[PDB]
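Q: structure of the sequence below:
(9 chains, ligands or ions: 2)
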Amino acid sequence: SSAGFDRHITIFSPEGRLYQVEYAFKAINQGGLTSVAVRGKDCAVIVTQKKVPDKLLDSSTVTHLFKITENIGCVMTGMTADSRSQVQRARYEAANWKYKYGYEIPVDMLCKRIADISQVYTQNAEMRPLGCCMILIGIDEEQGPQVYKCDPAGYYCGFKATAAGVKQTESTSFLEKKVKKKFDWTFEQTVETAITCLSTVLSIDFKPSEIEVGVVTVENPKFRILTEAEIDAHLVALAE
Amino acid sequence: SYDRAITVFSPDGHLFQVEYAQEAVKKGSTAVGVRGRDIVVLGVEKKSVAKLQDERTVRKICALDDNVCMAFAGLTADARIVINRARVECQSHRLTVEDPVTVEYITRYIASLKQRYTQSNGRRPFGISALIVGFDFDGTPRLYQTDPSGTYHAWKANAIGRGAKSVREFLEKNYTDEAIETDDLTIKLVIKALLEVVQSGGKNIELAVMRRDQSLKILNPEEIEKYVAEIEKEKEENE
Amino acid sequence: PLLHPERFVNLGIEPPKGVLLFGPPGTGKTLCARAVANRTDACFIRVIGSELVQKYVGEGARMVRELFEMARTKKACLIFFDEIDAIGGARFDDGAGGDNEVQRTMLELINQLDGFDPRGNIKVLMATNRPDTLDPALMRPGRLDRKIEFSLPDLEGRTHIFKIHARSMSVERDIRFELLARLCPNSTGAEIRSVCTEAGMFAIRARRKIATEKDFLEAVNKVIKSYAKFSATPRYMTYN
Amino acid sequence: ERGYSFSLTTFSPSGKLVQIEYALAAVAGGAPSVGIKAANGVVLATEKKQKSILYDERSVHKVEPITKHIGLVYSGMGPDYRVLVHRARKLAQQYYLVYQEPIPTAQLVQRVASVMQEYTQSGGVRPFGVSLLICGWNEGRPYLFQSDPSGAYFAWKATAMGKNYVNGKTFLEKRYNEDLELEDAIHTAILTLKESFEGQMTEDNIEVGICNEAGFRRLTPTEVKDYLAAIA
Amino acid sequence: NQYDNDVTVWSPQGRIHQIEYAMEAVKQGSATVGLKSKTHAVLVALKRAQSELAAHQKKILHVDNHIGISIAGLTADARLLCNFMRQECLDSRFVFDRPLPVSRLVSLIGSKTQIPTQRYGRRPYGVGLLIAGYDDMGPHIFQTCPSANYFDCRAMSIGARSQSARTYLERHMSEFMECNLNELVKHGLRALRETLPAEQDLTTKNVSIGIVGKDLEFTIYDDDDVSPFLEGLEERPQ
Amino acid sequence: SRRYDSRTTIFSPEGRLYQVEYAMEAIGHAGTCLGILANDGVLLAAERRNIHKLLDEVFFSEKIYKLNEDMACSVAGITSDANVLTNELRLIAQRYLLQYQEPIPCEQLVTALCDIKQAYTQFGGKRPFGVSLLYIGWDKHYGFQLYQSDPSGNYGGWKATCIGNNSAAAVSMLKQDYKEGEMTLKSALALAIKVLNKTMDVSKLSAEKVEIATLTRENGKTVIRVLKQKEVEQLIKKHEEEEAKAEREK
Amino acid sequence: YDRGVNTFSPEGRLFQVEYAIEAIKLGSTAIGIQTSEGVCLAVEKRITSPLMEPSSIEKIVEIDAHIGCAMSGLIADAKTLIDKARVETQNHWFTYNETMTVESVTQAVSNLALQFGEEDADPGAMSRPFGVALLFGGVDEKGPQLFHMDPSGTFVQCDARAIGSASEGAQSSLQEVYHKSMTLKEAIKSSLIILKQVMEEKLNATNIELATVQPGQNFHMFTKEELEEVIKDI
Amino acid sequence: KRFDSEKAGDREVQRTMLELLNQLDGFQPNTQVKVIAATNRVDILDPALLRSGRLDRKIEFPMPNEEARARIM
Amino acid sequence: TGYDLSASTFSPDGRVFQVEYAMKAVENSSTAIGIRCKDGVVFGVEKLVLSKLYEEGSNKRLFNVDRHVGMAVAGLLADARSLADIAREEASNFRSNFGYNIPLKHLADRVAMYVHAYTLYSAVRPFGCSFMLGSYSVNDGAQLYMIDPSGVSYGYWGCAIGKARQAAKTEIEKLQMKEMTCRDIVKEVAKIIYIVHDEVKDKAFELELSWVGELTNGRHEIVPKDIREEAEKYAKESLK
Ligand SMILES: Nc1ncnc2c1ncn2[C@@H]1O[C@H](COP(=O)(O)OP(=O)(O)OP(=O)(O)O)[C@@H](O)[C@H]1O
Ligand SMILES: [Mg+2]
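A: Numbers count the residues shown, from 1 in each chain, chains lettered A, B, ... in the order given. Ligands and ions are numbered 1, 2, ... in the order given. Please find the structure below.
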């Protein structure tokens, strides 16, 4: 199934597939964390788990949520330094678009440009194709909320509910079963479903000090991060 | 900007690419050349006429300037660029010191180019050997021989290409002062030498002479038959 | 140590046991082994690596065990291994298990030379032409203490080889061998013997009875300069 | 940084370029696509299918308009399509700037083929892994063209590309002619693309674009849903 | 072995082999010793000749009127590095109009030598530079390596078969701090002689000495006026 | 970096370059083009390979290209490199015309293109060009001219040549029946038809499976024509009836 | 199975420089002697065919009016160093207006030997050190001098030097017939004797060449009329 | 280590290794015999052999330092 | 075999091997400990003396990046000095461009990005150093950060880098740093240094300490001699 250096660089194997991109998808799961993004009627939420193994570490600087722009929110999965570089690149691109064209950049154009940048690595053979994922959420006029996903292969798509990490398949199946019912979603309902999907996939019944929640809604499009008190209130409301 | 070493030193002190180039040279057509009192004669063999060619587009005897000519043996493609560069250098020499180029100068230029082309980074060596014949100023005819390595020598008679050892051995035992006394005797000697080993039965010979009076004068295949018949009669009624 | 085993015991010194001979092909190893086997007075058990490649599993180790048992039965005598680079290179088991039964044979051979009462009064000596591929665990002292190296002769070795390979000739009184030695800067003994044989054949060619200097010169020209196309030498001086 | 600058495509002892064959074998495993031209315009049809119900079917489009009267569809790799689309648009704009006239389809096809060829000889670069179908209508007569990873291009009358394309070509052999209409062309294109569809043929699983003497345009979901009726 | 073909790859044991090979290559140079007193710094070198009809190779160079060096390895890299040092000292003297302190020079040498050990298709410099100088902080002696790593020492000896010299230097380290030149040079010469066999020691033709002091600039003594430092040396113990 | 390099510009122990030979063997397939001249006018005969039932037949030409006002060329091999080479030599001719205000002779254009083609077998480390092509033209210095190129870089004049796949048999028949300075532009077409019949195994020589181009001279026109499909079947039927008559005679 | 241009051996030697060092054991032997009265250089031509012109091949060339150079090893790539030396001497004369010594010539020509590489600049050199060995002879402000330069980039001062394929034997012979009170005539005679002993073919007036330099006159090369009288008195 | 294949394989030694694994721990506990094992290359060894219940303590031997070398001499 | 010869290849499991080898090389340093107090940061390094020849204070492993920033190093020395130089240059550029002292959360990100830039391409190699940055500011408090060869930068309350990292952090845990001022914490650092590195490993060693905080009024500098001497005097009582 190999002929030459098709196992070592990005060239076509005799069967028509190149393995160096499939290896990054396995490299994504090295971290061991799972994140979910849900879209509602007039809001969008991101939920992620975070673990601090020891008390020596400073727990205030292990966040996996980043703020690219005052209206656009993001979350990463996989390697850390690659995600940091990608976030830096995204911030630069958003600032450049705003300066050059005089109005805020739509989320879909940003995701398309990020995928276009990340597609070159699988074309030239002198570089490694940045094995980390990308999830973006935002609000946009005339369309409402939007959630977008981008993967290292140079591919992107818009969604209504997404999960990325080690437990992608089970959470995807749960979200599909839930969304087939076609029930109208509100703020509390979206947050509750987002929390319960992770809770039932992991079977942990976690405390309010090991999750991160980010929200956006049509009353103040500013991206904001929930505090611990609000998370505790949501958790106690969830369990009757 | 491709930059990788092609020619390197072997573990026993050899440059194998130059040796392979010489091996490629040793697979071409034969070229013979001699110099005389006032006429310098050079000939090529193994014309291999296919009765469909044009005799004026497959020639191997080139005229660099009004007083020098050369014949090559090796890869045909590599000869054209060397010929063109030599012509450009010969023409550009006249804008400087007005005297026409001497064969020493052009031979040194060609050898220097060939040698430098195996030191620069990311190129393969040339695959041709050359015989340059000319009569410079003051009336002194002379010929020179150049190698792909970058070494050039001065001889009195040479043969290069395939099957050159036998021709050289024949030439070493038949070059005398009286054999170069007559103008036509040198041409007869060249025809006899070029017919020694390589078959070249009369119709596979292209000879050219320079009389140190005018430009290159290639001869049509009419007197070649006459010279062949004369040599045949000399051999037959010699005994 | 086998001839006068009284001074070593008196001085309380235990002599080394093994030795390996490496160098380019043609240098001399097998001829030196022949000389050793001639001068010896004890056994001489010869074995070639290609004889230890069997058809059924678990046969090479049995053969090695039988060899060492038979050797231990007698008082004290020598074993010779020829072309050891065919019975074990290195443990490299990756993917599907390939070339590991030969590794078991090599492991049995290693085990028979150390641990729990080593073989004792047995001396082994091995030769190879590319020693760069042998296993690290086999080359440590205690098994291969001595590492004699055979290299191409410098200048006087060639003169000595010329003198000893042509002292049964029919030549005149005015042949100088220093010039002949200077004309072959990097050559082996086999090439010199072939030069002498070809000079003799050129003498026999036409009619004559006495080989002349020109015969030697043209034999050198035809054997060294003309056969350098093959020459076998340049790519083994790097032991690859 | 710096690249490699040595060619990654080399001649085999049998005189064949292996990487081009591998690229073609990768193209042959893509999504099916069909293209038909009949006497009034051109129709390009393709079959798209989402893995699950979470995907949004109104986010990305298989059919893209290069300009007012040229359309283009692909078959093969996903990401490799977008750069080609962008390059084609840029080339068209350049031509419009130079000559103040809309670019003919043949010139655009030639330029795209030249780019795809130039992209398989430079240093340290693998060939493209997609194939293209281009449709246009310039100066009365419509035009349909097909590109190739090796850089060659041909002019067709009815083409099936992608997975299981030999049977599609056989089907088009026995139905196509030189005297039809745009509507019957759409009907036969849908019929021949139905040979590889799943158990159901929903409107969301088909992309259809039509180019006539009024300009290239992609059909709205309502029109495709209507056209799917009265068939099969 | 495929882990020892270039300077870019890492061995599984967290080591790089080309740097180790360069350090091994440094060991073929002839022995040399350097040390410092309270107000002086001296360095002695042992020459070597190919045949009896050839002159001995020179070791001690002259970088600046307050900085000297000693080399060990292949000479081309030593010449290049000496040229770099001279250019840097001249630039500093031209701009700020004051002598350049030794520590900054050694830092510059280390920074320049670090670069070729990270790129592709390069090689480290094979040299064993020992640097001696005097500045406002007193005497100074430094050692550099092909690994782009320098040290600060009080007495050092490097080259081929330099372990015996190091042993002698470490044994008699206490007395160096107060003695004057007339016995400091003798200590250095004894340390150098320790590395030789019992055949020939110091026949006034294969020894060179270099001194830098507070009131005197860098000076080199070679094979003619070296004799005053030889007489009075004790006979070799047997 | 140098582990992945293939070293596509080195010699070989026997003294030949492998990549050029492989390219030469690649042209051993994919087409059959022949040319012959003996008097006023030169002709090109080519075999069409794209013979599927669903084609549009656009551009009024398949393998015959125009390079200048009075030049023409065919090609055999990889098509994309053929496009590159033709597009590159067109502006060579144009810039010669710009500089000298005089049509460029065939020799200079052929030598320039051969130099460009040879440049890739000397340095750069890139894949060479797998294209071999024929040139025909008329110039005021030597009348009509025909030439053949080579991926190696060398060229040469000719009088009748085939560069296709069965070129050996075509050359044999061309040399078995050809006259010097007698064949006008009427019997050369018959000879081309005979050779095309023999080379291609497919019988009956369907008129849409071949392409013929001619170049004649006028007062000042030098017209290059691609004769339509309505003047091919008559030549084929004349050939077949002549062959039947000859067979019946023996 | 491909290494780099300038990798290091486990022994720490090198690979290209060693092969260059042992690639000069194939050239013709050359002998140079330095005396308090002058400097003499001699080399053999190694004629191979009667048709070759013996005067065409040359091994001793002059750099300036008082410096000469003898070459061994390869010959095709030894022109660049000679031309560089000529240009350096001319530049020094133009700038400082004085005849610059031979030590400086040797230093300037040896600084260029170790410059090969394949990753830094475009002119460069493939992988090849100059596979030649050079002997420099001359007279300067401090007397007559002879120098030996080697492909490794290391130059040294010698009193009587022999290079080429017969280096070891020639030097073993030279080591017993040299002393500090030796004149030009006996130096030439001894060099001729050594060359005659170590040559392959017979020695005559057209197989070798010689050149001497004295403090009085400039660089002078012998001719075929003053070279035979020193031969018959061998 | 074990592996998966369909053209050819090496299974007899794997079966003896499986029996050896079953002897340690396994269905029947043993508490009268002790096991010591020696090797010099661990990365090519089956993970089931390196379980905590089968081989409890793992000792690594480092290369000797200066003092250890002096003591050995 | 052949998946770990380049930094631009993914192993089938999905991880780069060269950075792991760089971490293994880093794992042979001595020790470096950093603890943040209520009003500053304290560094401590134990340094091994190879021989008596080396002068006291050579091979300093405690640099000065800026007027208010420290630095602690473990690993190779050349790469450490290169990183120190690049950090100095970046801090100087930031000060000159904007006009005020650079915060740590930005300098650490810049240096981490520069380090990560080297683990993508095959024309360079990963770094072999791991380092710690510390500082104090009046309006920002005390800051500590840790960066490794991979390019991951985290904040900490107390960290240890080197050979015995675990045996040192297990003793940092018992310490309570959240309250007590760092006037006596130097005693704890000394005591935690002397309870590591058994005398069998090496004969002797020396101690190096740093200081930055409100006591030093922002600037980072070496601890006074008398305070250090009292620290060793207190820490020498571990024999009880
Ligand atoms: N020192 C020597 N004196 C004389 N002859 C020698 C010497 N060394 C080698 N030879 C020649 O080498 C020839 C073959 O040598 P031998 O087979 O022992 O070499 P080797 O190194 O074992 O070869 P290989 O690697 O091919 O097995 C002998 O016939 C002999 O002529
Ligand atoms: Mg043998």
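
Q: find the residue at the geometric middle of chain C.
A: Closest residue to the average C-alpha location of chain C: residue C:29 at 2.3 Å, with Cα atoms, centre = their mean.

Q: help me confirm that it comes into contact with residue C:125.
A: No - using Cβ atoms under 8 Å, residue C:29 is not in contact with residue C:125, being 9.9 Å away. Every C-beta, even on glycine, is put in place using the N, C-alpha and C of the backbone.

Q: could you name every residue contacting both of the two?
A: Here residue C:29 and residue C:125 have residue C:21 as joint contacts, going by Cβ atoms under 8 Å, 6 or more residues apart in numbering or on different chains.

Q: thinking again about what came up before, dump the residue contacts of the residue nearest to the centre of chain C.
A: By Cβ under 8 Å, 6+ apart, the contact list for residue C:29 reads C:21, C:22, C:23, C:127, C:129, C:150.

Q: how about the residues of chain F near chain A?
A: Contact residues (Cβ under 8 Å from any Cβ of the partner chain) of chain F with chain A: F:1, F:4.

Q: ok, the lengthiest helix in chain F near chain D or not?
A: Secondary structure of chain F per DSSP state H: the longest helix is helix F:79-100. Yes - judged by Cβ under 8 Å from any Cβ, helix F:79-100 and chain D are in contact via F:79, F:80, F:81, F:83, F:84.

Q: could I get the buried residue list for that helix?
A: By neighbour count on 16 or more other Cβ atoms under 10 Å in any protein chain shown, the buried set for helix F:79-100 is F:79-86, F:89-90, F:92-93, F:96.

Q: same deal with stretch A:171-183?
A: Residues A:171, A:172, A:174, A:175, A:179 are the ones in stretch A:171-183 that count as buried (16+ other Cβ under 10 Å).

Q: would the fourth one count as being in a helix?
A: Yes - the assignment for residue A:175 is a helix, going by DSSP: H, G, I helix; E, B strand; the rest coil.

Q: distance of it from residue A:168?
A: Distance of residue A:175 to residue A:168, given as Cβ to Cβ, to the nearest Å: 10 Å.

Q: could you pull out the helices for chain D?
A: Under DSSP H, chain D gives helices at D:18-27, D:79-99, D:105-118, D:165-173, D:182-193, D:221-228.

Q: can you give me how far the longest helix anywhere in chain E is from the chain middle?
A: In chain E, taking DSSP H as the definition, the longest helix is helix E:75-95. The chain centre lies 16 Å from the centre of helix E:75-95; the measure is Cα atoms, centre = their mean, to the nearest Å.

Q: quick one, the next helix or strand after it and helix E:75-95 angle?
A: Using DSSP states H and E, the helix or strand that follows helix E:75-95 towards the C-terminus is helix E:102-114. Inter-element angle recorded for helix E:102-114 and helix E:75-95: 130 degrees (by axes from the mean of the first three to the mean of the last three Cα atoms, to 10 degrees).

Q: and for the closest residue to chain E within chain D, nearest residue in space, chain neighbours not counted?
A: Residue of chain D nearest chain E, by Cβ to the nearest Cβ: residue D:2 (9.6 Å). Spatial nearest neighbour of residue D:2, excluding adjacent residues (Cβ to Cβ, 6 or more residues apart in numbering or on different chains): residue I:123 at 7.1 Å.

Q: can you tell me the element the one you found falls in?
A: Using DSSP H and E, residue I:123 falls within no helix or strand.

Q: and for it, the neighbour number?
A: Residue I:123 has 19 neighbours, counted by other Cβ atoms under 10 Å in any protein chain shown.

Q: can you list contacts of the longest helix of chain E?
A: Outside helix E:75-95, the residues within contact range by Cβ under 8 Å, 6+ apart are E:57, E:61, E:63-64, E:67, E:69, E:71, E:98-100, E:105, E:108-109, E:112, E:125-127, E:129, G:111, G:113-114, G:152-154.

Q: which residues of the chain fall in strands?
A: The chain I'm using is chain A. A:34-39, A:43-49, A:65-69, A:72-78, A:132-140, A:144-151, A:155-159, A:161-165, A:211-217, A:224-225 (DSSP state E).

Q: think we crossed wires, I meant chain I
A: Going by DSSP E, chain I shows strands at I:31-36, I:40-48, I:62-66, I:69-75, I:129-137, I:141-147, I:153-155, I:158-162, I:205-213, I:221-222.

Q: for chain F, which of these is the nearest?
A: Chain F lies closest, by Cβ to the nearest Cβ, to one member of those: strand I:129-137, at 25.5 Å.

Q: which residue packs closest to the residue in chain A that ligand 1 sits nearest to, ignoring adjacent ones?
A: Of all residues in chain A, the one sitting closest to ligand 1 is residue A:4 (33.6 Å; Cβ to the nearest ligand atom). Counting by Cβ to Cβ, 6+ apart, residue A:11 is the residue found nearest to residue A:4 once chain neighbours are left out, at 7.4 Å.

Q: hang on, that neighbour packs against residue D:127?
A: No - counting by Cβ under 8 Å, residue A:11 stays clear of residue D:127, with 9.5 Å between them.

Q: shared neighbours of those two, which are they?
A: Shared contacts of residue A:11 and residue D:127, defined by Cβ under 8 Å, 6+ apart, are found at residue D:19.

Q: and the helices in chain F?
A: Assigned by DSSP H, the helices in chain F fall at F:18-26, F:79-100, F:106-118, F:167-176, F:187-199, F:233-249.

Q: thought residue B:156 was touching residue G:56?
A: No - counting by Cβ under 8 Å, residue B:156 stays clear of residue G:56, with 10.6 Å between them.

Q: more neighbours: the two, which one.
A: Set residue B:156 next to residue G:56 and count neighbours by other Cβ under 10 Å: residue B:156 wins out with 18 against 13.

Q: list the contacts of the more buried one.
A: By Cβ under 8 Å, 6+ apart, the contact list for residue B:156 reads B:34, B:35, B:175, G:51, G:53.

Q: any idea which element the residue in chain C that chain G sits nearest to lies in?
A: Per Cβ to the nearest Cβ, residue C:185 is where chain C lies closest to chain G, at 5.0 Å. Element membership of residue C:185, judged by DSSP H and E, is empty: it is in no helix or strand.

Q: cool, the one 5 residues further on as well?
A: With elements taken from DSSP H and E, the one containing residue C:190 is helix C:189-205.

Q: residue B:98 now?
A: Taking DSSP H and E as the definition, one finds residue B:98 inside no helix or strand.

Q: which residues does the most centrally placed residue in chain I bridge with?
A: The residue lying closest to the centre of chain I (Cα atoms, centre = their mean) is residue I:72, at 2.8 Å. When assigned by DSSP bridges, residue I:72 has beta-bridge partners residue I:62, residue I:132.

Q: the longest helix in chain B is where?
A: Counting by DSSP H, the longest helix found in chain B is helix B:76-93.

Q: typed the wrong thing, it's chain G
A: As assigned by DSSP H, the longest helix anywhere in chain G is helix G:79-96.

Q: continuing past that helix, what's the next helix or strand?
A: Assigned by DSSP H and E, the successor of helix G:79-96 is helix G:102-110.

Q: okay, the angle between the following helix or strand past that following helix and helix G:79-96?
A: Heading C-terminal from helix G:102-110, the first helix or strand you meet, by DSSP H and E, is strand G:132-140. Angle of strand G:132-140 versus helix G:79-96, following the same axes, to 10 degrees, is 30 degrees.

Q: quick one, strand G:132-140 and helix G:102-110 angle?
A: 160 degrees.

Q: does chain E sit close to strand G:132-140?
A: No - Strand G:132-140 stays clear of chain E (Cβ under 8 Å from any Cβ), getting no nearer than 12.8 Å.

Q: partner strands of that strand and their direction?
A: Strand pairing for strand G:132-140, using DSSP bridges, gives strand G:67-73 (antiparallel), strand G:143-149 (antiparallel).

Q: these into CSV, with extra columns for mean neighbour count?
A: Shown next, in CSV, are these (neighbours: other Cβ atoms under 10 Å in any protein chain shown):
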stretch, mean neighbour count
strand G:67-73, 24
strand G:143-149, 20
